[PDB]
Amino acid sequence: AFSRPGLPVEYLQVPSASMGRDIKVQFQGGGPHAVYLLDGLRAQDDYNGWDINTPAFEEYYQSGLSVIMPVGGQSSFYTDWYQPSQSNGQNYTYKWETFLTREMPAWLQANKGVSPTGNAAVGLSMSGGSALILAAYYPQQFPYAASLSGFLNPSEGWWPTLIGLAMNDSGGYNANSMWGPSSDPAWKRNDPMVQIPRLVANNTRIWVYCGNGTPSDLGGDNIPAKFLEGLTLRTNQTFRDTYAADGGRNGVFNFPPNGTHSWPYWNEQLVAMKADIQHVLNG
């Protein structure tokens, strides 16, 4: 990520009892509250996409916030799966919600002094919705959530099909093993649109970036770009309108015409929200 010399980035091995393996975590300490930077659909096992593609660590150096980049979890949606992914030979069950909400914060509190409460969850593409869902169900841990080009209504219309095809294109993962058939309650449970009343009741500070142009990680679905763009626009508009109609009053919604679904503009948003996170989490 082309950091300037002299920056204290660490790589940690954090045991996950629920997944029966160690999870690598890239870490920069800087204060008791942290920004959890979640990865996209094609998350690798060596480095988090934020560190591969952006200067996130340097941008948040001496911000008064710690930065946590978990590594791994391709196509996981940072959720707890029903079962090991059926077809690609996965030999354990993804339990990334358990890891992010229980196992990892316990480790970081005991060893780093990072507070398990009062943090920000920031996700993009696959994990944009994850960040909102984490805030919806764990508001003490995440009073702040940002979704950058997230799937804001994964249980509706075209989205279960498109997500299923995207997960197969990203490591051959099976959405059915994750949340069941699209009729299963897990799809609505993990749908940010459906959980808007929780975000409102929690008074979650939400930062929602809506990009333009060709969506990301949908490259293998054999569908015209403009159709995907139309679906995305409609779903994003519905999310914003529903948040307002349901009494939401703690949101930032960003829809710049030249914004794209890409690391450069996801970084642009991460930088733009820094003062916002600082004021909300640290006064």
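When you see a residue number, it is the position in the sequence shown, counting from 1.
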Where both flanking residues are modelled in the other PDB entries compared, is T214 itself missing in a third or more?
no
Taking only the CA atoms, which stretch has the higher mean B-factor in the record, 270 to 278 or 5 to 13?
5 to 13
Looking only at CA atoms, which has the higher mean B factor in the entry: 89 to 97 or 71 to 79?
89 to 97
In terms of recorded Cα temperature factor, pick the maximum from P154, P105, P185, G150.
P185
Highest recorded Cα temperature factor - choice among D39, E59, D51, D246
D246
Going by what the PDB entry lists, where does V200 fall on CA B-factor within its chain: lowest, middle or highest third?
highest
In terms of the chain's CA B-factor thirds, is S127 lowest, middle or highest?
lowest
Please rank the C-alpha B-factors of the chain's modelled residues and tell me whether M167 sits in the lowest, middle or highest third.
middle
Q26 - which third its CA temperature factor falls in, relative to the rest of the chain
lowest
Test of reading the entry: by CA B factor among the chain's modelled residues, which third contains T232?
lowest
